[PDB]
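Next up, structure tokens for two forms of one chain, structure 1 and then structure 2.
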Structure 1
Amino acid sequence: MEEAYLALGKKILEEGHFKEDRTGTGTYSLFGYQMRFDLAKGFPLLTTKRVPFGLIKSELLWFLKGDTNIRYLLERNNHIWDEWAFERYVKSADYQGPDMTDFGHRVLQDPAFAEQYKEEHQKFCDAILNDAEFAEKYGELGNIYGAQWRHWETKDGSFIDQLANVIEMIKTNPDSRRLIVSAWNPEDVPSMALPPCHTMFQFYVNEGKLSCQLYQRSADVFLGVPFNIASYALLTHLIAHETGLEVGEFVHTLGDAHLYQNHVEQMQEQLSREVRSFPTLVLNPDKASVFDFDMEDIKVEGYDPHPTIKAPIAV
């Protein structure tokens, strides 16, 4: 239930110890947590703040087609992965704009700089969208989720389609204790723009219901987890659709669960709001495979959230 998510935020506010982090933002953090969502009780898109489903859909579909270039996202007005690509670009020999070192913090502190970053970021998005040589070089994030799900590269010149294999094993071997997809590929991790935050997931089938457990090594509680929960709930629904199953539970297991220190007022504001009913997922009945779904084939209905709560992403 949404309550389980809100209790996590509250526990971190109360007892999450301060921890320096890679991003230089600083976090309050706990280690080891588990939340369960019964998918039969509604689609888990949070109601205590508006969570944009279109972004969640486009990101999942991008994962599912095995794509690790941000061009596909930009064409669907999804900018959630922009900063890491832009970061690679501004560190490259080809960038010749104003200095962008530490842009992630500097935009919050210095408005003249915020305006330069907005200008450079606009030119970057334009070039990815319109210049295919530029897209190919600078849209690339390395072998992140899409690549490992669809195209885990083997030692003898091939690739494993892990996710398609797990879907097929659910159909013919539902009681398998190995229905696993891992994005943690030790060889590719160093050249990934980020190692996988949502790291490994496992399926389970009982009395015609499909459940999914995600192990998430690193969880951005305010900004990222709402996306992650909906993303894996959507995936479980797509797979249940293809395999002719009903949906069971999504179980979300966390390693370093953290609230960024500049998300604290936002989380507090969120905790002051009454929970509403989760919406309902609607999927196009005519699509057979998970890999056949496009944007128009997936919607959420009866979604009536409290207003958007804005917060800065830690780069």
Structure 2
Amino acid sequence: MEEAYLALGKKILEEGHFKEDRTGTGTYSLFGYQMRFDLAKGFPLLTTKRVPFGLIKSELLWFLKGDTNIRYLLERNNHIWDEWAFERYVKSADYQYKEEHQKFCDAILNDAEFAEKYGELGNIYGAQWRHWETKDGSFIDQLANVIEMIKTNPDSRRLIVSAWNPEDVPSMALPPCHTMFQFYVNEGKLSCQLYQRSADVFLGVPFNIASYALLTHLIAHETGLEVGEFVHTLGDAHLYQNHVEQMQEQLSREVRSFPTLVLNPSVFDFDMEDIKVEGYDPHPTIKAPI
């Protein structure tokens, strides 16, 4: 239910606890929240504000093939992670307007070995989902494994993917906000619950819901099953103080019907062309600082 997201934003406004970090960022937060999305009722892209689907699907697609290189994202006009990769280039060896960014994006896109040394991001979801390093130097492919398990043992209560490794977290720049997820099958239907330890409630959460609903759909298709529910579980849910006006504005609009997801008749061969949304009619974009 979209109203379940709107109730959470309202509850953060009504009773969220104010905190000022060391650096002067202010949030209102709560701890312990759950919202359900029945995927048969519609694909849960928010109608109260426009949410760009392109970037969600290229990002998910990138996670799914285990890719940790940005070339794939650049090729599809996704600039999410291309800051970190650029930063890494300007404090490196081989190096008022900054049109040097342009030459960097271009070289990554048009060079053989250049994209390997400057486009690699190492340890994030794609690598944690598809390639979890063991002590003996072997690797566990958790996603593929959970897929096989769905096919051959639907009743399993162990359909689990973890993104959280206590060895790697204190040294990585962005520890995974999406901590783990669990699949579940009953009566020909696939559901997924996701534990998110930390959530940007205005800007992050709407991205997150569509991403994991899409994931559920893709695994459903792969396993020949129908879609059940997406259960989104939160830990630290926070609304940045400069997102309040934008939230209040969102609550003043009326909910429309969720649109329809359409998938081309294995999801590891899917590109952008194979995933469409039908009947998306949201209220205009609501801008906000990051």
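Numbers given to residues start at 1 and step along the sequence of structure 1. For clarity, a rigid core is taken as the largest C-alpha set superposing within 1.5 Å between two forms.
> Which listed residue, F227, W152, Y138, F222, is the one whose CA shifts 2 angstroms or more between structure 1 and structure 2 with the rigid core aligned?
One residue passes the 2 Å cut-off, namely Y138.
> After superposition on the rigid core, does the Cα atom of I128 shift by at least 2 Å between structure 1 and structure 2?
Yes, because once the rigid core is superposed, the C-alpha of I128 moves 2 Å or more between structure 1 and structure 2.
> Taking the rigid core as the reference frame, tell me whether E83 has a CA displacement of 2 angstroms or more between structure 1 and structure 2.
Yes, shifts by 2 Å or more.
> So, does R22 move by 2 Å or more at the CA between structure 1 and structure 2, with the core held fixed?
True for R22: a C-alpha shift of 2 Å or more.
> What Cα shift, in Å, does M192 show between structure 1 and structure 2 once the core is superposed?
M192 C-alpha displacement between structure 1 and structure 2, core-aligned: 2.6 Å.
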